[PDB]
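*Asks:* coords below, sequence missing:
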């Protein structure tokens, strides 16, 4: 009358749906496919990201939109103004970096 | 003996504590809540990060 009575996964009456899928899975990749629903996060964990995955992960990682544009290597003139302000505190130098200094900036830049 | 055999998670005598929690879990979100202890990493994997999570 046998020795072991090897039950199967579906015999475990209080196992959950994800729990049974995991118990059946053979490899770590298969387990990651069950557990991680966000496709961008799954791509990071698999070490295999497209440019779209990268942009989407950057959206999850950074709040500032001007920083995000810099990280995408695509900045508008407005993004550039804001990024200049993160990099330089002197108002007259910020005028120079804009390419369009005010009259006051010009006087102060010459003095500088 | 009837042969179907209904065995519950706690009948599996060499299952680990996390292993039994995972076997009972019904959804991927539930599984992530068990497996990922770092709250900032869990937030990234869930695609739902606060400014504090982002800084961390």
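*Replies:* Cool, got the structure. Numbers count the residues shown, from 1 in each chain, chains lettered A, B, ... in the order given.
*Asks:* Which residues of chain A lie near chain B?
*Replies:* Contact residues, chain A versus chain B (CB under 8 Å from any CB of the partner chain): A:5, A:7, A:11-20, A:22-23, A:34-38, A:40-41, A:44-45, A:57, A:60-63. In this view, the C-beta of every residue, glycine as well, is placed from N, C-alpha and C.
*Asks:* Could you rerun that using 6 Å?
*Replies:* A:7, A:11-19, A:22-23, A:35, A:37-38, A:41, A:60-63 (CB under 6 Å from any CB of the partner chain).
*Asks:* Quick check on these: which are buried?
*Replies:* Among the residues of chain A next to chain B, the ones that count as buried by 16 or more other CB atoms under 10 Å in any protein chain shown are A:12, A:15-16, A:18-19, A:22-23, A:35, A:37-38, A:41, A:60, A:62.
*Asks:* any chance of the residues you listed in JSON lines, with secondary structure too?
*Replies:* Formatted as JSON lines, these follow (DSSP: H, G, I helix; E, B strand; the rest coil):
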{"residue": "A:12", "secondary structure": "strand"}
{"residue": "A:15", "secondary structure": "coil"}
{"residue": "A:16", "secondary structure": "coil"}
{"residue": "A:18", "secondary structure": "helix"}
{"residue": "A:19", "secondary structure": "helix"}
{"residue": "A:22", "secondary structure": "helix"}
{"residue": "A:23", "secondary structure": "helix"}
{"residue": "A:35", "secondary structure": "helix"}
{"residue": "A:37", "secondary structure": "coil"}
{"residue": "A:38", "secondary structure": "coil"}
{"residue": "A:41", "secondary structure": "helix"}
{"residue": "A:60", "secondary structure": "helix"}
{"residue": "A:62", "secondary structure": "coil"}
